[PDB]
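Student: Model the following, please.
(chains A, B, C and D, ligands or ions: 8)
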There are 4 protein chains.
Amino acid sequence: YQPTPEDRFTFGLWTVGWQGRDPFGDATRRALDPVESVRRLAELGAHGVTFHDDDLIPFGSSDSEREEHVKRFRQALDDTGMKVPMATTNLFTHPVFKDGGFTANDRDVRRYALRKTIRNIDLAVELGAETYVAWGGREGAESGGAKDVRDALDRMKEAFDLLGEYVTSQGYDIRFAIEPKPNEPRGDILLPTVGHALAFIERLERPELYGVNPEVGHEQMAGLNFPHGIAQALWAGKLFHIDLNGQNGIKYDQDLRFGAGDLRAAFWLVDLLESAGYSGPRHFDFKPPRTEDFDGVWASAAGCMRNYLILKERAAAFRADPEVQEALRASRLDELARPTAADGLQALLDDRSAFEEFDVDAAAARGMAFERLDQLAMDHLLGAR
Amino acid sequence: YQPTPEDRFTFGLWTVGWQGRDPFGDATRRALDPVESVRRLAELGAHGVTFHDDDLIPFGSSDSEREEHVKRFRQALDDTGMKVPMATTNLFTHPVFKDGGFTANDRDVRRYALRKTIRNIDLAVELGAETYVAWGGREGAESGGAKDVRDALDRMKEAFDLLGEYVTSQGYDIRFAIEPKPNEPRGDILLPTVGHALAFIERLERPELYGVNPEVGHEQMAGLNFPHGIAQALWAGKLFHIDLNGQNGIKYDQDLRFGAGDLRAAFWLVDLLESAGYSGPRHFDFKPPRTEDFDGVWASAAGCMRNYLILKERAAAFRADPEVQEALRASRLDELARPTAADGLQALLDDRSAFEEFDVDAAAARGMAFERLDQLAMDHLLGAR
Amino acid sequence: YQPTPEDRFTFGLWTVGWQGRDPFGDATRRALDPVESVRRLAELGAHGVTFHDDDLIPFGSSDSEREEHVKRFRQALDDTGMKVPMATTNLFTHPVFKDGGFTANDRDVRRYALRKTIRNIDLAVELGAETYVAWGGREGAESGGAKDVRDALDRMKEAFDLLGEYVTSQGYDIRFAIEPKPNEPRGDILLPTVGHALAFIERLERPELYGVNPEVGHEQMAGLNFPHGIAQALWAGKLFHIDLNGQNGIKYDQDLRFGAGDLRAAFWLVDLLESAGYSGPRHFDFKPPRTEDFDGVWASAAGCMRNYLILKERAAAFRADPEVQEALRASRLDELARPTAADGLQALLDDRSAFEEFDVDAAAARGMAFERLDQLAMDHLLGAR
Amino acid sequence: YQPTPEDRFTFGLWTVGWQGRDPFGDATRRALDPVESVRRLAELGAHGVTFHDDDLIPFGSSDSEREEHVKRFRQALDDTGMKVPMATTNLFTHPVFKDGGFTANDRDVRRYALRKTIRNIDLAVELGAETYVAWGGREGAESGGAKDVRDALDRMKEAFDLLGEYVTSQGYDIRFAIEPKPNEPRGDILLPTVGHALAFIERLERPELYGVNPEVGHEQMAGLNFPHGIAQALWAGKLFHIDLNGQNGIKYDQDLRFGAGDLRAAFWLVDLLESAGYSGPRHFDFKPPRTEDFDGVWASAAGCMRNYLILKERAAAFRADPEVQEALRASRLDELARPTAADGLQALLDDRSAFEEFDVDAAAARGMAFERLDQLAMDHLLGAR
Ligand SMILES: [Mg+2]
Ligand SMILES: [Mg+2]
Ligand SMILES: [Mg+2]
Ligand SMILES: [Mg+2]
Ligand SMILES: [Mg+2]
Ligand SMILES: [Mg+2]
Ligand SMILES: [Mg+2]
Ligand SMILES: [Mg+2]
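Tutor: Numbers count the residues shown, from 1 in each chain, chains lettered A, B, ... in the order given. Ligands and ions are numbered 1, 2, ... in the order given. You can find the structure just below:
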């Protein structure tokens, strides 16, 4: 189960670089130089890395310092063959963003947030990124009167429209991906789920430029089914990027390594991505627990990739098993894929077998055989066949 | 705090008529005749009632029995002045719907579900309903392989497109409202939140015909902020109807009377509906607890309306208080309503006060004054001013 | 992975016998004769069955009808070799119990609940049960003023004390097990978790007679770690019985087959029960989903036992792996088992290496190596070694 | 609604002193001198303050620096009349505690944790504290193999037994209170709820020395009913202290000001504390949101006390209303307080009115009248009577 760069596994600089500061504790690890992270991730078999502006260039850097930070980083990419497929903006750490960036109540903060974003879009394009992610972690509220949400959505649409005007006027070949999260660090965050983000995109001026960047743990913080939400994003043509990690139910954002948390949900996710032919990066947004030293950091990162590859093998074995293929027919998955009424509305209205002469009791007696099918999936996941 | 029919309070026949059967217990109340419910709700000051087909016409009724059930019902409406603003279809009780209606794996069940729906659309229009609600309570799954969600969404879109073709060909003046719910009775339900439903509507052939019917308790079963979701639905122009009740957190669907559950969320909801000028029915989808006899049924229904009227008074007093109006300016709600960059993208890029000369430390030091504002809201809710 | 009666797998009559009625739907399966269930479970390799009084003897049965129902049941046990290790009382289905049994506000209902329980204790002893379970599903409230919880706990203690007086005066060799549940069907249920039940037992007059009957899905409805709670019950010497099933997070009580839901938690549970030497029944309290016909009922029951046996093999392989044993030493699980201060309080106070000369920075730098250990557990669960 | 020191309102130094650093953001406020906090809280009408050792004496302070920090603090207490009723130990911030204090896998860390605690017990007694709180925020795990919970509970019992030996040998008049929390910052925390903590205390060598310090928001992070848990703690005689704040459901620990979050639960809590005659401190463990400047800090602290006093008035008015007193009799709260069987077991067995001649249908038909009672409580809370 050895990863190769062809598997397209990517990691944020902020993931293996997390120093372990949590709301009740100080850092347990020293800071990692971005160049060392790139080198160490390349040896593990990763394809590339991603970054926030402030991960790569310390906040408040002079233009001269900025140029040398980028130059060092580019040299590490050239030495290793790593790519940078995605970049994003930090609009959440600095105190100025305490009430948001794009939807801060203060207008001057909103204009600053846009300029900070635009400057990193230029850098991302220079480094070859294809996707630009926006996680509005500070957009939201702890109390009801603090934020008029209709006005906030007006401001959010205004910001993303301006960003789309900028990339189209510059001729950039980059697309945007909105990352939803239901809560934390704000009491409630705007666009809290995949669904809310997909709905918002359809009101932007150039919807074709925007998709979603869903994260396993974030949808699970609302108790939702992550594979179901990914299926709706794929159905809409909007899965531009994906963040993989693990989460144990409804609680604080744990960012466990992928495969931890809800293991069966991880299996059904990999089954779906591989069956659908998703061709984007398999990106890990995770935190090595602060109990770990640097050896544990790299073990946890390796485990992300290993677990994806194990689940990929088991899902493929499941779908290729002739006994599973007949169980899928026994449960009428083949009929689900067939149109309900390709004969049209009038023919349906005239069809007495659809109502007047439909035997509801005979249809109701037909078992779905879902439990046999699900035990075949369990046996395949566990390697018990 | 006396309701009048001008307040537009409506109730489902199935609400006060719930006999108290739950998954662990038998019914504690006898069945109510729809005619008696209409009479008793009119005396309490309700505006009208809503129904599922099977609430009004017992399943399996002959055409002759059907005509007399409707005739009796219409006479009660004429005697009381009650209206019927909304109707819906039962696609969840009968065993034939155990794997769904519109997205059942069996194609013949899906065609039956469409014919059952179309027949009740005709009845709804005859009784004057303006909105037709769809709650897909059986659309979903308990296990991952049972339902290919991309195929299921294809079938769901096919069903709603056929329904829109039917109403437009018949010249009906009725619109559809999709009611989301995250889970129960299926392990996960398709279109689980307001957001997912809004996103789905934008892929239908005639999106102008479809909106949402959100329910307080359902969004709270995913831990989401119900007033925030309503604000996004209003922003999109899609709040066609609303279901009011109460829910104590993430658990089974409690359907408590409105004002029970999360009281502060009820206050912010009423504030938003009244400020936005929502003019549709204030519909209660609630269950009088099975501890109650019929006197308790009518007390619980009266309490729904009373709590709405109390909260309406307190929210109005909050917004009209000059001290609250200056607190809103102190927290810069006025600036949130002003465009970020009406001067345009180029002017923003050329504005040195937006980045090069922006004083981030001075802006970061400005307090938001949100806690004073929220205590003014608490004082108004509690009548402590 | 074939079960034998030596594995001690047991099932409630109400599990495979569940007809599929849920709060929104009618039954999808016909009722099962208890004699047929006993026969079919014996062929699958079960050890025995459990029952509520009303599962075996329809409510309101004459003494003559009661005798023939028991006689038929006993003959099926004799023909198959099945045992009855546990019995319990239905104090939740009949409308008279709508506000509780032992803690109903009406005193005459509380006395009736005690007499109904005592009559089934006699039957349980006659059939050889060693454990008598109490699930107070109706003990609780939907509103704050309905139930004074201090008075309710007085009544709950009074009921269990009277039951302990009864069994000791009759010379019965049977013990009680309290089954906690946080909510459903009441809005909040008294003694909602394993912890609350353990604490309550220590205030009874004869605490040695009472332990807990925890259920996987119930602790997960509060978001708690089920293996951790089982460990505390074992530590206290109070794990008298256990209910095995599956649950997908915080929502309605799903009662999925064991191994579904949180698969990793099922692995750690089996590891703990087998390591600790738990010798009681492995009881399944689960519902075959109402999508299934009778073939699916028996497939789902077989899957309960199969999943336990697979996890038992993988946990045993994990603990016997020499590489796992050195990883446990690397993470200092051996030091956790050693007393902190067997030298005593005074020696600890005089030990300068414990404070004055303790090198906190060197200790803080030691990694715990927990992520390597957890990936070894994942590899063993998945059969990737 | 003006607080006086007779109301016994207390605040932790770490509450108003929280600088606003969260897991995704830097501090938004400068650090407060403990002496200034004492002065400002005294002017607001607080009774006293509480502290962790490291709040008052920076970690790593020399004995000489330690003496001057305490001397300054004592002078502020003398100048203002503020008391110190509670103190606690920081066993969670420093990296050395990353795997726990009392239950760390490393034995030398566990011995250090005990010595750090004992040194602050001496200081607490010197400053007059009556209660010593222990919050084991780092005791727990993110993965199943990292922590054998039976061994961890052995170590936890060993630590608390040693602490009880220390206070009894020194002749101190101080008692311990264990503060439960279900999760955060560890993935699962040991003793996660009030119930688990009460059960654990009964296995200590001197149980009379230990009680609980429950926190509103912590029990709500498991979806539990906080007034119900407080009632069980009072019933057991173990409510030694209480932490008041607000929480919006199952998510990260919000620590909102008291009265925010679940407002109805706050009403029922105040009703219970006042009815039961709880005479300990009303302690606020809350965080002014990081959106606020120092004016907002003091507004949020004032709001804690104001909301308690408003709810106290409304609960008193509820219980004194003659119409509420007859509604309580209508719902048979008076019968709940009467023994079920003071006549004894034999008389109950001989009572034919309890079973043979009990009319279950007549009893089942009696409504509980709980909804009328709950609307009277709502009207009183809202000042609508
Ligand atoms: Mg995350
Ligand atoms: Mg992410
Ligand atoms: Mg509902
Ligand atoms: Mg509804
Ligand atoms: Mg259950
Ligand atoms: Mg059970
Ligand atoms: Mg807290
Ligand atoms: Mg606390």
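Student: separation between the residue nearest to residue A:3 when sequence neighbours are not counted and residue A:302?
Tutor: Nearest residue to residue A:3, sequence neighbours excluded (CB to CB, 6 or more residues apart in numbering or on different chains): residue A:45, at 3.6 Å. The way it works is simple: take the backbone N, C-alpha and C, and place the C-beta from them, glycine included. Taking CB to CB, to the nearest Å as the measure, residue A:45 falls 8 Å from residue A:302.
Student: just the strands in chain A please.
Tutor: A:9-12, A:48-52, A:86-88, A:131-134, A:140-141, A:175-178, A:188-189, A:210-212, A:243-244, A:282-284 (DSSP state E).
Student: can I assume residue A:290 is in contact with residue A:20?
Tutor: Yes. Residue A:290 is in contact with residue A:20 according to CB atoms under 8 Å; the separation is 3.2 Å.
Student: higher neighbour count, those two?
Tutor: Applying other CB atoms under 10 Å in any protein chain shown to residue A:290 and residue A:20 shows that residue A:290 carries more neighbours, namely 22 against 19.
Student: What residues does the residue of chain A found nearest ligand 5 make contact with?
Tutor: Nearest residue of chain A to ligand 5 (CB to the ion) works out as residue A:249 at 17.0 Å. Counting by CB atoms under 8 Å, 6 or more residues apart in numbering or on different chains, residue A:249 makes contact with A:220, A:223, C:220, C:223, C:249-250.
Student: next one: residue A:163
Tutor: For residue A:163, the contacting residues are A:114, A:117-118, A:121, A:176, by CB under 8 Å, 6+ apart.
Student: Ok, residue A:263 next?
Tutor: A:381, C:263-264, C:381.
Student: and the gap between it and residue A:324?
Tutor: As defined by CB to CB, residue A:263 lies at a distance of 19 Å from residue A:324.
Student: near ligand 4, which residues of chain A show up?
Tutor: For chain A, no residue is in contact with ligand 4 (CB under 5 Å from the ion).
Student: which strands and helices sit next to the longest helix along chain A?
Tutor: When chain A is parsed with DSSP state H, its longest helix is helix A:294-320. If you count contacts as 3 or more CB pairs under 8 Å, 6 or more residues apart in numbering or on different chains; DSSP states H and E, helix A:294-320 packs onto strand A:9-12, helix A:13-16, helix A:34-44, helix A:263-276, strand A:282-284, helix A:370-381, helix C:370-381.
Student: now check stretch A:182-198, is it near chain B?
Tutor: Yes. Remark: stretch A:182-198 sits within contact range of chain B at A:182-183, A:188, A:190-198, by CB under 8 Å from any CB of the partner chain.
Student: Tell me if that stretch is near chain C.
Tutor: No. Stretch A:182-198 is not in contact with chain C by CB under 8 Å from any CB; minimum separation 13.6 Å.
Student: hmm, that stretch in reach of ligand 1?
Tutor: No. Stretch A:182-198 is not in contact with ligand 1 by CB under 5 Å from the ion; minimum separation 8.4 Å.
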